[PDB]
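Peer 1: File name input_23.txt; file contents compact mmCIF, N, CA and C atoms and all ligand atoms; full text below.
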# COMPACT_ATOMS: atom_id res chain seq x y z
N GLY F 1 37.21 -23.55 67.64
CA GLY F 1 36.88 -22.89 68.89
C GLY F 1 35.39 -22.67 69.06
N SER F 2 34.83 -21.78 68.26
CA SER F 2 33.40 -21.48 68.32
C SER F 2 32.67 -22.02 67.10
N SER F 3 32.24 -23.27 67.17
CA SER F 3 31.53 -23.91 66.07
C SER F 3 30.80 -25.16 66.54
N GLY F 4 29.85 -25.63 65.73
CA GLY F 4 29.10 -26.82 66.08
C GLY F 4 28.16 -27.25 64.97
N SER F 5 27.11 -27.98 65.34
CA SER F 5 26.14 -28.47 64.37
C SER F 5 25.56 -27.31 63.55
N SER F 6 25.77 -27.36 62.24
CA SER F 6 25.28 -26.32 61.35
C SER F 6 24.27 -26.89 60.35
N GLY F 7 23.02 -27.01 60.78
CA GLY F 7 21.99 -27.54 59.91
C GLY F 7 20.68 -26.79 60.04
N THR F 8 20.17 -26.29 58.92
CA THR F 8 18.92 -25.54 58.91
C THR F 8 17.72 -26.48 58.83
N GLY F 9 16.56 -25.98 59.23
CA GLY F 9 15.35 -26.79 59.19
C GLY F 9 15.53 -28.14 59.85
N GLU F 10 15.37 -28.17 61.17
CA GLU F 10 15.52 -29.41 61.93
C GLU F 10 14.88 -30.58 61.18
N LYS F 11 15.35 -31.79 61.48
CA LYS F 11 14.83 -32.99 60.84
C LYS F 11 13.66 -33.55 61.63
N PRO F 12 12.80 -34.33 60.94
CA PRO F 12 11.62 -34.95 61.55
C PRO F 12 11.99 -36.06 62.53
N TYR F 13 11.01 -36.88 62.88
CA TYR F 13 11.24 -37.99 63.80
C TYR F 13 12.11 -37.54 64.98
N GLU F 14 11.81 -36.36 65.51
CA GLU F 14 12.57 -35.82 66.64
C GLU F 14 12.39 -36.70 67.88
N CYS F 15 13.50 -37.20 68.40
CA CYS F 15 13.47 -38.05 69.58
C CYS F 15 12.87 -37.31 70.77
N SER F 16 11.81 -37.88 71.34
CA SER F 16 11.14 -37.27 72.48
C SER F 16 11.75 -37.76 73.79
N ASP F 17 13.02 -38.15 73.74
CA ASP F 17 13.72 -38.63 74.92
C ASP F 17 14.98 -37.81 75.17
N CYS F 18 15.64 -37.40 74.10
CA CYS F 18 16.86 -36.61 74.20
C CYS F 18 16.81 -35.41 73.26
N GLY F 19 16.42 -35.65 72.02
CA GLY F 19 16.34 -34.58 71.04
C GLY F 19 16.79 -35.02 69.66
N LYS F 20 17.66 -36.02 69.61
CA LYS F 20 18.17 -36.53 68.34
C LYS F 20 17.03 -36.75 67.35
N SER F 21 17.13 -36.11 66.19
CA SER F 21 16.11 -36.23 65.16
C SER F 21 16.60 -37.11 64.01
N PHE F 22 15.66 -37.59 63.20
CA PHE F 22 15.99 -38.45 62.07
C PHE F 22 15.02 -38.22 60.91
N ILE F 23 15.45 -38.59 59.71
CA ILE F 23 14.62 -38.42 58.52
C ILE F 23 13.75 -39.65 58.29
N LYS F 24 14.30 -40.83 58.56
CA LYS F 24 13.57 -42.08 58.38
C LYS F 24 13.17 -42.67 59.73
N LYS F 25 11.99 -43.26 59.78
CA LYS F 25 11.48 -43.87 61.00
C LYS F 25 12.47 -44.91 61.54
N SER F 26 12.90 -45.81 60.67
CA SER F 26 13.84 -46.86 61.06
C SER F 26 15.00 -46.28 61.85
N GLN F 27 15.59 -45.20 61.33
CA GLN F 27 16.71 -44.55 61.99
C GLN F 27 16.37 -44.22 63.44
N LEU F 28 15.18 -43.69 63.66
CA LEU F 28 14.73 -43.33 65.00
C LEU F 28 14.45 -44.57 65.83
N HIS F 29 13.79 -45.55 65.22
CA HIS F 29 13.47 -46.79 65.91
C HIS F 29 14.71 -47.41 66.54
N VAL F 30 15.78 -47.50 65.75
CA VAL F 30 17.04 -48.07 66.23
C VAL F 30 17.60 -47.26 67.39
N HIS F 31 17.34 -45.96 67.37
CA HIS F 31 17.83 -45.08 68.43
C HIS F 31 16.98 -45.22 69.69
N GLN F 32 15.70 -44.87 69.58
CA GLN F 32 14.79 -44.96 70.72
C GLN F 32 15.11 -46.17 71.58
N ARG F 33 15.62 -47.23 70.95
CA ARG F 33 15.97 -48.45 71.66
C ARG F 33 16.71 -48.13 72.96
N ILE F 34 17.78 -47.35 72.84
CA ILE F 34 18.58 -46.98 74.00
C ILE F 34 17.72 -46.30 75.06
N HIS F 35 16.62 -45.69 74.63
CA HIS F 35 15.71 -45.01 75.54
C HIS F 35 14.61 -45.95 76.02
N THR F 36 14.96 -47.23 76.17
CA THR F 36 14.01 -48.23 76.63
C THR F 36 14.72 -49.39 77.31
N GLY F 37 14.14 -49.86 78.42
CA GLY F 37 14.74 -50.96 79.15
C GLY F 37 14.98 -50.63 80.61
N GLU F 38 15.70 -49.54 80.85
CA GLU F 38 16.01 -49.11 82.21
C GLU F 38 15.07 -48.00 82.66
N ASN F 39 15.15 -47.63 83.93
CA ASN F 39 14.31 -46.58 84.48
C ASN F 39 14.38 -45.32 83.62
N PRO F 40 13.24 -44.62 83.51
CA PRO F 40 13.15 -43.39 82.72
C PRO F 40 13.91 -42.23 83.35
N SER F 41 15.11 -41.96 82.84
CA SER F 41 15.94 -40.88 83.36
C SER F 41 15.30 -39.53 83.08
N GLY F 42 15.43 -38.61 84.04
CA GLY F 42 14.87 -37.28 83.87
C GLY F 42 13.37 -37.26 84.10
N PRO F 43 12.87 -36.14 84.63
CA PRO F 43 11.44 -35.97 84.91
C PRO F 43 10.61 -35.85 83.64
N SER F 44 11.29 -35.72 82.50
CA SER F 44 10.62 -35.59 81.22
C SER F 44 10.23 -36.96 80.67
N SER F 45 9.64 -37.79 81.53
CA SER F 45 9.22 -39.13 81.13
C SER F 45 8.00 -39.58 81.92
N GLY F 46 7.00 -40.09 81.22
CA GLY F 46 5.79 -40.55 81.87
C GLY F 46 5.69 -42.06 81.93
ZN ZN F 101 17.06 -40.12 71.85
Turn this file's structure into structure tokens for me.
Peer 2:
Amino acid sequence: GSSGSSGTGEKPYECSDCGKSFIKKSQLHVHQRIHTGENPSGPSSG
């Protein structure tokens, strides 16, 4: 019912597109991908 992500000390490589963070660069690189190609959704994009 009342529960969710339970992790202390957020992880590095924090995605500057949605929020998803990662420990290794590669992990983020593979992700950021989805955040590239189409129009920049949300005003939080330059
Ligand atoms: Zn992301």
Peer 1: Would you mind listing the residues within 7 Å of ligand ZN 101 (chain F), counting only C-alpha atoms and all ligand atoms, as a ChimeraX atom specification?
Peer 2: /F:15-20,31-32,35
Peer 1: Excluding residue 11 (chain F) and any residue of its chain fewer than 4 positions from it, enumerate the residues within 8 Å of it, using only N, CA and C atoms, and give them as an NGL selection string.
Peer 2: :F and (7 or 15 or 20-24)
Peer 1: Can you measure atom C of residue 38 (chain F) to atom N of residue 12 (chain F) for me? One decimal in Å is fine.
Peer 2: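 Those two atoms sit 25.8 Å apart.
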Peer 1: For atom C of residue 41 (chain F) and atom N of residue 13 (chain F), quote the distance in Å rounded to one decimal.
Peer 2: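 Interatomic distance, atom C of residue 41 (chain F) to atom N of residue 13 (chain F): 20.8 Å.
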Peer 1: Could you jot down the CA of residue 4 (chain F) to CA of residue 34 (chain F) separation for me, Å, one decimal place?
Peer 2: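 We find that CA of residue 4 (chain F) and CA of residue 34 (chain F) lie 24.1 Å from each other.
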Peer 1: What residues in chain F get the DSSP label helix (DSSP H, G or I)? Please answer as an MDAnalysis selection string.
Peer 2: chainID F and resid 25:35
Peer 1: For residue 28 (chain F), which residue out of F:46, F:14, F:8, F:2 is the nearest one, using only N, CA and C atoms?
Peer 2: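 So, comparing all the options, the nearest one is F:14.
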Peer 1: Could I get region 5-27 of chain F rebuilt with N, CA, C and O atoms, written as a PDB file, in the coordinates of the input?
Peer 2:
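Okay, selection.pdb is ready:
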ATOM      1  N   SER F   5      27.110 -27.980  65.340  1.00  0.00           N
ATOM      2  CA  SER F   5      26.140 -28.470  64.370  1.00  0.00           C
ATOM      3  C   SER F   5      25.560 -27.310  63.550  1.00  0.00           C
ATOM      4  O   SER F   5      24.948 -26.399  64.102  1.00  0.00           O
ATOM      5  N   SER F   6      25.770 -27.360  62.240  1.00  0.00           N
ATOM      6  CA  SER F   6      25.280 -26.320  61.350  1.00  0.00           C
ATOM      7  C   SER F   6      24.270 -26.890  60.350  1.00  0.00           C
ATOM      8  O   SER F   6      24.626 -27.205  59.215  1.00  0.00           O
ATOM      9  N   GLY F   7      23.020 -27.010  60.780  1.00  0.00           N
ATOM     10  CA  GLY F   7      21.990 -27.540  59.910  1.00  0.00           C
ATOM     11  C   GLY F   7      20.680 -26.790  60.040  1.00  0.00           C
ATOM     12  O   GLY F   7      20.137 -26.655  61.141  1.00  0.00           O
ATOM     13  N   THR F   8      20.170 -26.290  58.920  1.00  0.00           N
ATOM     14  CA  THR F   8      18.920 -25.540  58.910  1.00  0.00           C
ATOM     15  C   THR F   8      17.720 -26.480  58.830  1.00  0.00           C
ATOM     16  O   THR F   8      17.847 -27.629  58.404  1.00  0.00           O
ATOM     17  N   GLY F   9      16.560 -25.980  59.230  1.00  0.00           N
ATOM     18  CA  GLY F   9      15.350 -26.790  59.190  1.00  0.00           C
ATOM     19  C   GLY F   9      15.530 -28.140  59.850  1.00  0.00           C
ATOM     20  O   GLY F   9      15.817 -29.129  59.186  1.00  0.00           O
ATOM     21  N   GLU F  10      15.370 -28.170  61.170  1.00  0.00           N
ATOM     22  CA  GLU F  10      15.520 -29.410  61.930  1.00  0.00           C
ATOM     23  C   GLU F  10      14.880 -30.580  61.180  1.00  0.00           C
ATOM     24  O   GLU F  10      13.986 -30.395  60.359  1.00  0.00           O
ATOM     25  N   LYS F  11      15.350 -31.790  61.480  1.00  0.00           N
ATOM     26  CA  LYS F  11      14.830 -32.990  60.840  1.00  0.00           C
ATOM     27  C   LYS F  11      13.660 -33.550  61.630  1.00  0.00           C
ATOM     28  O   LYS F  11      13.503 -33.314  62.826  1.00  0.00           O
ATOM     29  N   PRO F  12      12.800 -34.330  60.940  1.00  0.00           N
ATOM     30  CA  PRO F  12      11.620 -34.950  61.550  1.00  0.00           C
ATOM     31  C   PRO F  12      11.990 -36.060  62.530  1.00  0.00           C
ATOM     32  O   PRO F  12      13.141 -36.160  62.960  1.00  0.00           O
ATOM     33  N   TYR F  13      11.010 -36.880  62.880  1.00  0.00           N
ATOM     34  CA  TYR F  13      11.240 -37.990  63.800  1.00  0.00           C
ATOM     35  C   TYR F  13      12.110 -37.540  64.980  1.00  0.00           C
ATOM     36  O   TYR F  13      13.019 -38.256  65.389  1.00  0.00           O
ATOM     37  N   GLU F  14      11.810 -36.360  65.510  1.00  0.00           N
ATOM     38  CA  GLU F  14      12.570 -35.820  66.640  1.00  0.00           C
ATOM     39  C   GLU F  14      12.390 -36.700  67.880  1.00  0.00           C
ATOM     40  O   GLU F  14      11.272 -36.905  68.348  1.00  0.00           O
ATOM     41  N   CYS F  15      13.500 -37.200  68.400  1.00  0.00           N
ATOM     42  CA  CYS F  15      13.470 -38.050  69.580  1.00  0.00           C
ATOM     43  C   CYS F  15      12.870 -37.310  70.770  1.00  0.00           C
ATOM     44  O   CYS F  15      13.346 -36.248  71.159  1.00  0.00           O
ATOM     45  N   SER F  16      11.810 -37.880  71.340  1.00  0.00           N
ATOM     46  CA  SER F  16      11.140 -37.270  72.480  1.00  0.00           C
ATOM     47  C   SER F  16      11.750 -37.760  73.790  1.00  0.00           C
ATOM     48  O   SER F  16      11.082 -37.774  74.828  1.00  0.00           O
ATOM     49  N   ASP F  17      13.020 -38.150  73.740  1.00  0.00           N
ATOM     50  CA  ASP F  17      13.720 -38.630  74.920  1.00  0.00           C
ATOM     51  C   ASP F  17      14.980 -37.810  75.170  1.00  0.00           C
ATOM     52  O   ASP F  17      15.346 -37.553  76.322  1.00  0.00           O
ATOM     53  N   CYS F  18      15.640 -37.400  74.100  1.00  0.00           N
ATOM     54  CA  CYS F  18      16.860 -36.610  74.200  1.00  0.00           C
ATOM     55  C   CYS F  18      16.810 -35.410  73.260  1.00  0.00           C
ATOM     56  O   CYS F  18      17.129 -34.288  73.660  1.00  0.00           O
ATOM     57  N   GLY F  19      16.420 -35.650  72.020  1.00  0.00           N
ATOM     58  CA  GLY F  19      16.340 -34.580  71.040  1.00  0.00           C
ATOM     59  C   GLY F  19      16.790 -35.020  69.660  1.00  0.00           C
ATOM     60  O   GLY F  19      16.348 -34.461  68.654  1.00  0.00           O
ATOM     61  N   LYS F  20      17.660 -36.020  69.610  1.00  0.00           N
ATOM     62  CA  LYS F  20      18.170 -36.530  68.340  1.00  0.00           C
ATOM     63  C   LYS F  20      17.030 -36.750  67.350  1.00  0.00           C
ATOM     64  O   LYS F  20      16.078 -37.482  67.633  1.00  0.00           O
ATOM     65  N   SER F  21      17.130 -36.110  66.190  1.00  0.00           N
ATOM     66  CA  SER F  21      16.110 -36.230  65.160  1.00  0.00           C
ATOM     67  C   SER F  21      16.600 -37.110  64.010  1.00  0.00           C
ATOM     68  O   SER F  21      17.796 -37.347  63.863  1.00  0.00           O
ATOM     69  N   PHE F  22      15.660 -37.590  63.200  1.00  0.00           N
ATOM     70  CA  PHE F  22      15.990 -38.450  62.070  1.00  0.00           C
ATOM     71  C   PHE F  22      15.020 -38.220  60.910  1.00  0.00           C
ATOM     72  O   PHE F  22      13.916 -37.719  61.105  1.00  0.00           O
ATOM     73  N   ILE F  23      15.450 -38.590  59.710  1.00  0.00           N
ATOM     74  CA  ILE F  23      14.620 -38.420  58.520  1.00  0.00           C
ATOM     75  C   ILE F  23      13.750 -39.650  58.290  1.00  0.00           C
ATOM     76  O   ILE F  23      12.593 -39.534  57.876  1.00  0.00           O
ATOM     77  N   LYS F  24      14.300 -40.830  58.560  1.00  0.00           N
ATOM     78  CA  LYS F  24      13.570 -42.080  58.380  1.00  0.00           C
ATOM     79  C   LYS F  24      13.170 -42.670  59.730  1.00  0.00           C
ATOM     80  O   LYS F  24      13.918 -42.582  60.703  1.00  0.00           O
ATOM     81  N   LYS F  25      11.990 -43.260  59.780  1.00  0.00           N
ATOM     82  CA  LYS F  25      11.480 -43.870  61.000  1.00  0.00           C
ATOM     83  C   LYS F  25      12.470 -44.910  61.540  1.00  0.00           C
ATOM     84  O   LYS F  25      12.823 -44.885  62.717  1.00  0.00           O
ATOM     85  N   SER F  26      12.900 -45.810  60.670  1.00  0.00           N
ATOM     86  CA  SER F  26      13.840 -46.860  61.060  1.00  0.00           C
ATOM     87  C   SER F  26      15.000 -46.280  61.850  1.00  0.00           C
ATOM     88  O   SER F  26      15.354 -46.784  62.916  1.00  0.00           O
ATOM     89  N   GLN F  27      15.590 -45.200  61.330  1.00  0.00           N
ATOM     90  CA  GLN F  27      16.710 -44.550  61.990  1.00  0.00           C
ATOM     91  C   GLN F  27      16.370 -44.220  63.440  1.00  0.00           C
ATOM     92  O   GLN F  27      17.180 -44.445  64.347  1.00  0.00           O
TER      93      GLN F  27
END
